[PDB]
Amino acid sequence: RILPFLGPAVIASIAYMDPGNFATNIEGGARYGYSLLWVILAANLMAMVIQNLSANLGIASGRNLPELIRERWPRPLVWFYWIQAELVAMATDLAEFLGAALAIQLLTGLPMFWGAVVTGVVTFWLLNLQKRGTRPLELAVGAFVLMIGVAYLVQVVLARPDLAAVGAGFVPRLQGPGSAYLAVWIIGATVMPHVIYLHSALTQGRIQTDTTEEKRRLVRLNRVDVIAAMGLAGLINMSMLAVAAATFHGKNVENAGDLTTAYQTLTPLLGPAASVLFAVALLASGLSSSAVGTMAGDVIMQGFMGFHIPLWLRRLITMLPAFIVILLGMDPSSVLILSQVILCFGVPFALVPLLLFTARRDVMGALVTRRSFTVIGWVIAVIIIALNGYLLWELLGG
């Protein structure tokens, strides 16, 4: 009624400031300063449009994106969509689980194993907020997102960034490879597929309506909510870029990508509090997006398949890759890479059904996405798919 879809929007935004974005934005600032801010902005406004379509999809149609895929498309393709999404929600949760567990290690020093054990029970409880209703989880991530922003505003004011150099960083341009490659990373690996499905689910039948006029009133309300929540995610990501830029650019800081070193190098540069507020930000970022990713996986199979496995069981499965990595002891290289391959793999599968169904009257009724805007969504999906193919190309090889 007032802000009906902020919750759904905030649950969707947290995936766009997950630990994955922390490492990317940190390395972005550390290596090339502010010269990539325009990429974070452009990437965020693109996702802002995407998540707005998924939200509108659930509002107008009263069915989440996996639901419409289940009833409209053959079950061979649906079963693959369930498996595809499950791997995407699982690969995504991995970088969020490990990032959360890493944050605990930075705060207490416990081995990554127990840090992951802490991440499990806590991330589990965050989904018993989901068993009954959903508002409680929406405040949970809301309060978490709130502690991600204040953590990086106070870091920005500490990093003392050169607004002239921050503004110059918003001019679309780059200088050679690496900078260009990392920009392609931000464009390609920003849209989170698992949240494209979930967002429509948190909006379906959220406000019971029985007309076509009352629905479009929700579409206009939801639009402000998505832009507000997604816009927030951008500024935060821009903050993570500027802080790293305002601290590591010309400081001989190498290997700044991984967070276990940025946390360390922050103490002698900014201060010990800059490191703590960075670790808690990472912690809150990992717990939330992991819990959201777990709820995403729940509505994913519920919508694609119908049947529903216990959340604790689902929590346990997605929790195994993390411990496998910890008990193994590999570098984020093979981890951060292999996982983002699956996300880049699942981006197209999330946007193609979204742009199509949102352009059908048998799904949307009189709330079909304006043709002029359906186009803008496809050109957005094309370059993201294109740049996902390039990334996917560059790692796999060819």
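The first residue of the sequence shown is number 1, and the count goes up from there.
Asker: Quick one: higher average CA temperature factor, 294 to 302 or 153 to 161?
Answerer: Result of the comparison: 153 to 161.
Asker: Highest mean C-alpha temperature factor of the two stretches 231 to 239 and 263 to 271, which is it?
Answerer: Comparing averages over the C-alpha atoms only gives 263 to 271.
Asker: Which has the highest CA B-factor per the PDB entry: 52, 35, 358, 333?
Answerer: Among 52, 35, 358, 333, the PDB entry lists the largest C-alpha B-factor for 333.
Asker: If you compare 81, 323, 170, 197, which has the highest Cα B-factor in the entry?
Answerer: Comparing C-alpha B-factors across 81, 323, 170, 197, the top value belongs to 323.
Asker: Once the chain's modelled residues are ordered by C-alpha B factor and cut into thirds, is residue 365 in the lowest, middle or highest one?
Answerer: For residue 365, the deposited C-alpha B-factor lands in the middle third.
Asker: Taking only the Cα B-factors deposited for this chain, tell me whether residue 73 sits in the lowest, middle or highest third.
Answerer: Middle third - that is where residue 73 ends up once the chain's C-alpha B-factors are sorted.
Asker: Could you look up the Cα B-factor of residue 96 in the entry and say which third of the chain it sits in: lowest, middle or highest?
Answerer: Its C-alpha B-factor, which the entry lists for residue 96, ranks in the lowest third among residues of this chain.
Asker: Taking the values exactly as deposited, rank residue 193 by C-alpha B-factor within its chain and report the matching third: lowest, middle or highest.
Answerer: Tercile = middle for this residue's CA B-factor.
Asker: Should residue 309 be placed in the lowest, middle or highest third of its chain by the C-alpha B factor in the entry?
Answerer: Its C-alpha B-factor belongs to the middle third of this chain's values.
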